[PDB]
Structure formats: C-alpha cells, structure tokens
Amino acid sequence: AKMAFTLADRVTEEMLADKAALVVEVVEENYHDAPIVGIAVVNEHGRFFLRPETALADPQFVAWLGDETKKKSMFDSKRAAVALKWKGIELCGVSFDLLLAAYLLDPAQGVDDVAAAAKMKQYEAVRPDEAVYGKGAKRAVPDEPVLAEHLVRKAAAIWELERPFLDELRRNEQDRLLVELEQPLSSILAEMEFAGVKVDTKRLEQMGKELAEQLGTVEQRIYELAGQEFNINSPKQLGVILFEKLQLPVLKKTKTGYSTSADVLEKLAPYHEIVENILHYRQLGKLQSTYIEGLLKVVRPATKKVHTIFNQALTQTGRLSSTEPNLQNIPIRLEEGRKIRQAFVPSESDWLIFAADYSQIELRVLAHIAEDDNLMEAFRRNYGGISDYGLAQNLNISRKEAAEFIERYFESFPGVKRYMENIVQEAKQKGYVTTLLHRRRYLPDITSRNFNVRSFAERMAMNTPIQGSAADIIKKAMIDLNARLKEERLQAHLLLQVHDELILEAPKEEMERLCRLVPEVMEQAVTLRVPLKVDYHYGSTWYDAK
DNA sequence: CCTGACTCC
DNA sequence: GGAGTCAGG
C-alpha cells in the first residue's frame with residue numbers, strides 16, 4: 001500500500017491532460033445540491049489531489065471539465081455531473097464509467113463503490129468508501145491527508161482497471177452496450193434529474209387537508225364495525241381483530257402470523273363488510289403518507305421542484321429505478337389516487353406535459369424472441385411463469401379451470417411454449433441469459449436440487465430476456481429522441497422515464513411536432529418482427545396528459 | 001433495523 | 001417478474 005501523489009495548492013497545466021481518471025467526491029447518498037468534498041486526478045503525468053474551493057473557482061480547471069476533447073474516466077459519472085451542475089459547472093468528455101462497466105459485466109455483484117469493482121479484477125490497493133467515511137450517525141469526511149489518499153487511490157484504481165474492464169466487455173460483446181448506450185444515457189439522466197419536475201404545492205396541500213378528513217371518517221367507521229379501537233396500520237393488531245375477535249377464516253399465514261394482504265381481504269368480503277373499509281383505509285393512508293407528506297418533504301421550496309435520482313446500476317434486468325422520491329410509482333389506477341398527478345405541472349408558464357407509452361412492449365418482444373407465428377400474426381393485425389394455483393387465486397376462480405386456461409394458452413401459442421422450454425435449457429447450459437442488446441444476467445442457482453430455488457431461477461430465465469430487452473429498447477429510444485430534439489432545436493426536454501413510458505415538458509407551440517416526433521422515434525428505436533406501437537397524450541398537468 | 005402493507009411498470 | 005417507501009414493531 002505505497003502510492004505517491006501531489007497534494008496540490010493550485011491547478012497546474014499537467015493536471016489538465018487530454019486523458020485522465022477523475023474523481024469528484026460527493027459523500028452524501030443524495031447528490032442533489034450536495035457538497036463536493038475533494039477532487040483527484042490521475043494521468044500520464046502523475047497523481048494529484050485538489051481542494052474544490054480551489055479547483056472549482058479556477059477558470060482553466062472549469063474550462064477543462066467542460067472540454068469534451070479532454071477525456072475523463074470515472075466511477076458513477078452521473079453523480080459527479082449532477083453535483084457539478086448544482087455548482088454551476090458543466091462536465092463533458094466522460095469516456096469510461098467503471099460503475100456502468102461493472103454493472104454490465106454482472107448486475108448481481110451489486111457494485112456500488114470503486115473497491116467493489118476493483119474486486120472483480122483482484123485489484124486491492126483501494127479501500128471501500130464505508131471504511132473511510134463510516135456509517136450512519138458516524139459518517140464523516142476524514143482529515144485531509146486521509147481523504148486525499150483515498151480519492152487518489154480511487155482515481156488510480158480507475159486508471160488501471162479501464163482496460164481490463166473494456167477487454168472483458170469486448171469479449172462479452174458488451175463494449176458497445178456500455179459506450180453507445182449506457183454511457184450516453186447517463187448524461188441524459190443527469191439532465192433530467194437536474195431539471196426536476198415542478199409541483200403545485202397549494203393543490204397538494206389542499207388534497208392532503210381533504211384526505212386527512214376522509215381518513216378520519218373511514219377510521220371511525222372501521223372502529224364501529226370492529227366494536228373496538230385498534231391500529232389499522234398494524235397487520236399484527238388487524239390480524240387479531242379479523243381472525244380472533246371476528247373469527248374470519250384464515251386463508252393464508254406468513255412467517256410472522258396471519259396474512260392481511262389485499263388479495264386475502266378481498267376474498268373475505270362475503271364474511272364481513274369491515275374488510276372493504278380496511279382496504280380503503282390503507283389505500284388512503286398510503287396516499288397521505290407517501291404521495292402527500294413524503295412528496296412535500298422533498299420539494300425544494302424556492303423552486304417547487306422535486307429532483308429524483310434514477311439508479312442506473314441497480315436492477316437485475318437492466319431497468320432503471322427512481323428514488324427520493326420515487327417518481328415511477330405515482331398513482332394512476334384508482335381515480336382517488338390518480339388525482340395526485342394534478343400536482344405535477346410544467347416548469348414554465350404556457351408549457352404542457354407530454355406523455356408517450358409503448359403498448360404491450362413486453363408481449364411484442366416475446367413475439368419477436370419466440371417467433372410465435374400466431375402471436376406475431378395477432379400483433380400484425382397474459383403477463384401471468386404463473387401456475388394453475390396463482391392464476392386461480394388471482395381471478396378468484398377454480399383451480400381446475402385455471403389449469404385449463406394455461407393449457408389452452410400454450411396450445412394456441414406453441415412458439416411461446418417452445419421458447420419457454422428452450423430458454424430454461426439454455427440457462428442451465430450456459431449459466432446466464434441475455435437480452436437483445438446483449439445485456440446479461442447470471443443464474444448460478446438454476447440447477448439447484450432444491451425445487452423452490454431452482455424454480456425461481458427458471459422463472460428468471462423466462463422473464464429476464466423479455467423485461468430486459470424492453471429496457472434496452474426504451475433506453476435507446478431516449479438517446480435517439482434527445483438527439484432529434486436537439487437537432488430540431490426544440491425547447492422540449494425529458495423529465496421522467498417510467499419503464500415503458502417517457503414524460504416530457506415543452507412550450508404549447510411544440511405539441512403538434514412532438515405528436516409526430518416522439519412516437520416515431522420511440523417506435524423506430526429497434527426493428528422487431530412485429531411493429532412497436534406508442535400512444536401519446538398532452539395536458540396542463542400530468543393528470544391531464546391522458 | 002426487518003416485515004408486510006401500498007404503489008407502479 | 002422487476003422495483004421504492006412507509007408505519008409498526
């Protein structure tokens with residue numbers, strides 16, 4: 001563990017080389033408007049640590065950051081790019097991202113620091129972040145020399161690991177997936193996160209006021225029907241009321257007690273009317289706790305914007321996730337919750353929300369992969385590997401009839417059935433399954449002698465190529481769309497992605513254009529054996545974009 | 001801190 | 001099948 005570096009007082013010319021590993025350290029998990037605590041640069045000329053108060057107010061260093069011809073290798077470049085946006089500084093020329101590289105090589109490793117990626121190539125001259133900063137209430141930036149060494153060591157690790165990682169991606173035929181898809185997408189996501197979505201707090205607060213009143217009413221009705229006050233939000237207490245006091249049938253148990261899941265309670269409706277009120281209550285309570293209160297807590301008060309973080313290197317299938325707040329699970333199914341969407345508005349006057357969604361993309365993908373003629377044919381002119389039991393329990397119907405449904409289904413679509421058998425066998429033979437754009441998922445459990453473990457792995461083999469291919473497609477669609485927007489000099493920009501949906505905002509005058517441009521780009525992102533179809537709507541709020 | 005609830009794709 | 005947040009405990 002011996003590594004020389006320069007703890008620099010000012011920026012020098014040799015730090016501004018046209019190829020470098022760069023670390024712009026943001027310690028807080030949520031990097032929006034978060035402090036940059038230190039900077040490290042490793043290049044042909046040496047290793048350098050820089051104070052941010054120094055470097056970020058240096059016109060030549062800012063210049064170098066924003067020069068796309070000066071190439072930087074980094075880890076989680078979106079974190080840096082966004083943290084720098086909040087400092088009023090543009091980051092360009094990121095040519096390698098070790099986080100995304102590690103993610104593509106094996107999503108299951110859960111790589112989320114440089115040390116964890118270095119471990120994939122037995123590189124151990126760098127520490128885990130948690131070891132340096134500590135955890136929870138003990139989390140702290142260490143003394144300068146200790147911080148400086150850690151940052152340089154992370155930069156030095158990125159410097160050395162780039163080629164070994166690119167080399168393995170290439171051998172996997174995933175180099176283009178990184179360089180032409182994930183990396184360009186990262187910059188697009190950074191733009192969306194920094195832009196944020198404006199919220200109508202006056203409307204959200206009034207909705208919360210009315211919701212609190214309604215909750216109270218439902219709450220009292222529940223106590224009356226139960227004959228007792230209890231905590232409805234405690235499955236344990238609720239279980240005692242339903243299955244002991246009221247002696248309702250026990251349909252299901254988990255490891256901690258009686259189940260009170262929505263499925264179960266719906267099945268108990270013929271026994272007592274309290275179960276319908278309880279379901280209603282728990283829906284309203286989630287609206288209040290999460291989509292009123294939890295959302296207001298994360299609104300930036302001066303601008304009324306919420307800024308999500310799209311985790312690009314988390315899910316096992318290639319999807320994004322969205323955190324703090326999650327803007328990919330805003331209610332829509334019930335009118336009561338859907339009204340939440342009225343609080344999501346355009347960031348400027350006389351702008352509108354535009355939403356476009358793929359129709360049944362996973363089913364069209366399956367049609368392509370399996371080359372099922374009947375399914376391909378139907379599309380030219382159901383999501384349930386569900387069993388006869390789950391189907392019966394889902395439709396509240398006969399398990400015998402459910403069995404017959406699945407049987408008939410595979411009769412009609414023998415190509416899908418063939419595919420399901422073949423992809424499982426391939427997974428056992430190779431140890432992983434792959435998506436259209438060569439994303440991979442390893443399935444080491446697929447030959448377990450244990451039935452449950454093996455079965456779950458086989459269902460991943462069936463689902464991951466379909467769900468992951470759909471993720472591939474929409475990611476490419478975002479990249480294509482961005483370019484087309486910039487080419488035509490539209491003011492419209494992306495705000496959100498919701499798996500198979502893109503949400504933008506734009507001047508009212510641009511709807512006519514987007515109505516043609518967005519769907520076309522999305523549909524032409526890849527060419528399958530069946531067509532892609534996209535639906536679209538625009539409005540004064542997210543609610544009205546329907 | 002985990003579990004089981006609601007929310008979306 | 002893939003996710004995140006919340007209250008309760």
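Hydrogens, waters and symmetry mates play no part in the numbers below; they use all other heavy atoms, side chains included. A note on names: the letters A, B, ... follow the listed sequences, proteins ahead of strands, and every chain is numbered from 1.
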| note | When A:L443, A:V424, A:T447, A:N463 are each screened for side-chain contact (heavy atoms from CB on, under 4.5 Å) with A:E458, the one that passes is A:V424
Close N or O pairs between protein and nucleotides 1-3 of chain B (under 3.5 Å):
residue : atom : partner : partner atom : Å
B:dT3   : OP1  : A:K255  : NZ           : 2.6

Which is true for [X] with a 4.0 Å heavy-atom rule: it touches a base, it touches only sugar-phosphate, or it touches nothing?
| X | value |
| --- | --- |
| A:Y383 | nothing |
| A:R338 | nothing |
| A:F456 | sugar-phosphate |
| A:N231 | sugar-phosphate |
| A:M462 | nothing |
| A:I466 | nothing |
| A:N463 | sugar-phosphate |

| Does A:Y389 have A:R399 sitting over its ring (NZ/CZ under 6.0 Å from centre, angle to axis within 45°)? | no
| query | For A:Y432, is the NZ or CZ atom of A:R440 found under 6.0 angstrom from the centre of its six-membered ring and inside 45 degrees of the ring axis? | reply | yes
| field | salt_bridge(A:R439, A:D472) N-O dist < 4.0 Å | value | yes
| request: Salt-bridge test for A:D33 and A:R300: reply yes if a basic N is under 4.0 Å from a carboxylate O, no otherwise. | output: yes
| task | Hey, can you tell me if A:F194 and A:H307 have their rings parallel, tilted or perpendicular (30° and 60° cut-offs)? | result | tilted
| Parallel, tilted or perpendicular, as decided by the 30° and 60° cut-offs, for the rings of A:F243 and A:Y258 | tilted
Given [N], is OP1 or OP2 found less than 4.0 Å from the side-chain N or O atoms of [X]?
| X | N | result |
| --- | --- | --- |
| A:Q237 | C:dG9 | yes |
| A:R333 | B:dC8 | yes |
| A:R441 | C:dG2 | yes |
| A:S321 | C:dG4 | yes |
| A:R319 | C:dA3 | no |

Tell me the interatomic distance from [X], atom [atom1], to [N], atom [atom2], rounded to whole angstroms.
| X | N | atom1 | atom2 | answer |
| --- | --- | --- | --- | --- |
| A:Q497 | C:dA3 | CD | P | 14 Å |
| A:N452 | C:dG1 | CG | P | 11 Å |
| A:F344 | B:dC8 | CZ | P | 13 Å |

| query | Got a donor-acceptor contact below 3.5 angstrom from the A:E362 side chain to the A:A470 backbone? | reply | no
Measuring from the side chain of [X] (C-beta onward, heavy atoms only), which nucleotide among [options] has the closest atom?
| X | options | answer |
| --- | --- | --- |
| A:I332 | B:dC8, C:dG9, C:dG4 | B:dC8 |
| A:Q467 | B:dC8, C:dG4, C:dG2 | C:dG2 |
| A:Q316 | C:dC6, C:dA3, C:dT5 | C:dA3 |
| A:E324 | C:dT5, C:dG2, B:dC8 | C:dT5 |
| A:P235 | C:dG4, B:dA5, B:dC6 | B:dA5 |
| A:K236 | C:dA7, C:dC6, C:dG9 | C:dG9 |
| A:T290 | C:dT5, C:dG2, B:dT7 | C:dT5 |
| A:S234 | B:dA5, C:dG8, B:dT7 | C:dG8 |

| query | Can we call the ring centroids of A:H537 and A:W542 under 6.0 Å apart? | reply | no
| query | Is the distance between the ring centroids of A:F405 and A:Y409 under 6.0 Å? | reply | no
| query | What pairs with A:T434 under side-chain hydrogen bond (donor to acceptor under 3.5 Å, both in side chains), at least two apart in sequence or on another chain? | reply | none
| said: Please give me every residue in residues 259-273 of chain A whose heavy atoms get under 4.0 Å of an atom in DNA chain C, ordered by residue number. | reply: none
